[PDB]
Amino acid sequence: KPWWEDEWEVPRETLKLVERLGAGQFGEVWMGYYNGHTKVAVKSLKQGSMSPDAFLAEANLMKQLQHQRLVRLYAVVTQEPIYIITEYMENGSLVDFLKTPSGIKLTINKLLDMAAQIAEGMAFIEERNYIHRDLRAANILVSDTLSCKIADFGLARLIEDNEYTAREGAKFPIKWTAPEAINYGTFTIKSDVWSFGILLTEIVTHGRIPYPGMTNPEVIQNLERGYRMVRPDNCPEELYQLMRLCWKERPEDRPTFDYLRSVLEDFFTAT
């Protein structure tokens, strides 16, 4: 749909970039203001850094997937520099936030709450026949009321039937990624479940990197032995066992995200 005909296209002058939140090979992310009063996040493409088509593919994706638990697309400036404008999450990244004085004082009760919120947002994605493919604490954003939303859909995909096969030449975080997606390049919603498992250790340890003390090769090597990650410290055994359902060897044995949400909400309302 043409920009002059697009409902998401906005005049670059409606925007006011105020503070850089981060800069990368491909552009920057800013906090700014839309039409004066509304705080937004803005992500701009570095001309040259990559394809405008590739950059925008993410925003187009977010036109379809909308939900209180997913970060909301606001608008695009589809002329250079190109902008993607989203709602602004005040506490930023979950992984950063958990290391703060505030997140550090977070009770296990609240942490299980946050985890049920992330599972819930993944449930919506699940039923819409999407996979995320990059699920980990870094890609979860925290609002000023301490609620959680899934972000970053650059790698997300619709699944025509069953699964997605990656190309010969794509890499993924080895520690968050399900074996089958490492070995055969095959992704399903069920390997997002694996990642949600690593994400939970990432939560209960207030941000610590999964598989402490281990290199990627060691991790791969131990998983093939049937070993899974060692119980994180101060991890309720109820919770540790849930992570283990996520790390089932056969993909189809791993639970649904709606199941996960149910269980986590039982844990939460229990404590």
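Residue indices: 1-based, along the sequence shown. Superpose the two forms; the largest set of C-alphas matching within 1.5 Å is the rigid core.
- Message: Root mean square C-alpha distance from this form after a core fit in 9 other deposited structures of this protein: higher for 163-171 or for 150-158?
- Response: Farther on average in 9 other deposited structures of this protein: 163-171.
- Query: Got a sec? Mean C-alpha B-factor, which is higher, 36-44 or 210-218?
  - Reply: If you average the C-alpha B-factors of 210-218 and of 36-44, the larger mean comes out for 210-218.
- Compare the mean C-alpha B-factor of 27-35 with that of 242-250 as given in the PDB entry, and name the stretch with the higher value. 27-35 has the higher mean C-alpha B-factor.
- Query: Going by the deposited entry, which of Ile82, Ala119, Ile140, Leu146 has the highest CA temperature factor?
  - Reply: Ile82 has the highest C-alpha B-factor of those listed.
- Name the third of the chain's ranked CA B-factors that contains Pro52, choosing lowest, middle or highest. It falls in the top third of the chain.
- Ranked by Cα temperature factor within the chain, is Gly92 in the lowest third, the middle third or the highest third? For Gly92, the deposited C-alpha B-factor lands in the lowest third.
- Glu202 CA temperature factor, ranked by third within the chain: CA B-factor rank for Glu202: lowest third.
- Can you tell me which third, lowest, middle or highest, the CA B-factor of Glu127 falls into for its chain? For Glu127, whose C-alpha B-factor we compare with every modelled residue in the chain, the answer is the middle third.
- Item | Third of the chain, ranked by Cα B-factor, where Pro232 sits | For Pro232, whose C-alpha B-factor we compare with every modelled residue in the chain, the answer is the highest third.
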